[PDB]
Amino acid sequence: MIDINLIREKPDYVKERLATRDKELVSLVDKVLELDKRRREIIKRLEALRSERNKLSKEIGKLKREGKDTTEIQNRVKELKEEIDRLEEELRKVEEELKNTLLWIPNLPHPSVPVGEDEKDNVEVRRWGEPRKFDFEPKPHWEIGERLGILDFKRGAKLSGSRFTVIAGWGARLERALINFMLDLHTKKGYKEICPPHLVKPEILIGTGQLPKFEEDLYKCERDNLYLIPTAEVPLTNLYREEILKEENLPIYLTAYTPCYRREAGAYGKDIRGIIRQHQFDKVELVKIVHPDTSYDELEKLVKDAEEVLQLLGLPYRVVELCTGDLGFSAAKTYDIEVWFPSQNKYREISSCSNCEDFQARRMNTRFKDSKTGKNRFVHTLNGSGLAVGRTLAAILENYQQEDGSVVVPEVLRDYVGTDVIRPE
């Protein structure tokens, strides 16, 4: 979330920035202002009723020493106190809707971000590798994988319904390999490996941004009130909830691998054939809890940490800075890495590296006592895909395919997988 003061002090600005996301967001500012106003109004109106009653009860007490006024007044007091609670019971209720409304406002995009209405308005920032030229029509990742028997869409559906695929044999061995290759690379660079729970309490999702706006997007175990995580980002980032960190500890780099679970309730008809959009996918996250003054540079570093995976792998890609209209609830600025999919003759999202400044830190309450001022300051959070395993696999299957159908294992995964090429079973 964002600062209530920031809205009070500069509602103009907040509205122009939310406006770069969606003109329909401007209303959220008005509602919090209206809500905030009635809130401080009730406290003033009460501050009076409190004083009047206290004045009168004081006056019907000194009047105990004989007088009968204790009724035309003992009613102005009873009429009075019967409304202070009427209001107390609305301030309570007005502060509730204030708190919630605030949790529904997206992060204000950083000025450096280009303005746009949607994905078409994203800006390409750099490329790497030259997409392979084919002397034979290249095949889709789902075909090359079924024919090799390492992608069992049929059985996946038999067990879980659509958007579920069982990976098998070399297919699986390769998947694990990726995960291992990936983690080792990032840990060597300084990230703390960590295995987090996959089911999590609600606060956690409220902490990262997922809750409350995208609840229909998460699997929920209504019985235990725990949600399955849609990304390792959630558990990792909330690691230091309600804490005050030592500025010396900063920055905190941590990585992890986790199965990801998304109801994908929006993806209708889109990507219905391979493994690029599934209810369950493997992904190696990257998270950074840093000192405000280093956030944006850490962002740039993070994006490079991710590119490295792709280069080391020999998979051509390009980097895209997302425009305001495409940004994403928690992000203040973010780059997407897109890998080449021959079968589709286009680059496609394989990573999303973003900086959230204090947004997530605010709703999660993670601050630090700095070597200067001595006072508490909210930290900055960042996260990005240290390559979503599933999509990389698919990339691998397509960019390293052969006319006969086999797939050449990338030079750096061989030591992890076993073979150098996996031919038809």
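Start at 1 with the first residue shown and count on from there.
Q: Hey, which bit's got the bigger mean C-alpha B factor in the entry, 169 to 177 or 80 to 88?
A: Per the PDB record, 80 to 88.
Q: On mean Cα temperature factor in this entry, is 112 to 120 or 151 to 159 the higher one?
A: If you average the C-alpha B-factors of 112 to 120 and of 151 to 159, the larger mean comes out for 112 to 120.
Q: Tell me which of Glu307, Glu193, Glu72, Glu285 tops the list for C-alpha B factor in the record.
A: Among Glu307, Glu193, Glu72, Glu285, the highest C-alpha B-factor in the entry belongs to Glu72.
Q: Where does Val339 sit by CA temperature factor within its chain: lowest, middle or highest third?
A: Middle third - that is where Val339 ends up once the chain's C-alpha B-factors are sorted.
Q: Which third of the chain holds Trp128 when residues are ordered by C-alpha B factor: lowest, middle or highest?
A: Middle third of the chain for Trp128's C-alpha B-factor.
Q: Going by what the PDB entry lists, where does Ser57 fall on CA B-factor within its chain: lowest, middle or highest third?
A: According to the entry, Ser57 has a C-alpha B-factor in the chain's highest third.
Q: Should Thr373 be placed in the lowest, middle or highest third of its chain by the C-alpha B factor in the entry?
A: As the PDB entry reports it, the C-alpha B-factor of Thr373 lands in the highest third of its chain.
Q: Please place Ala267 in the lowest, middle or highest third of its chain by C-alpha B factor as given in the entry.
A: CA B-factor rank for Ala267: highest third.
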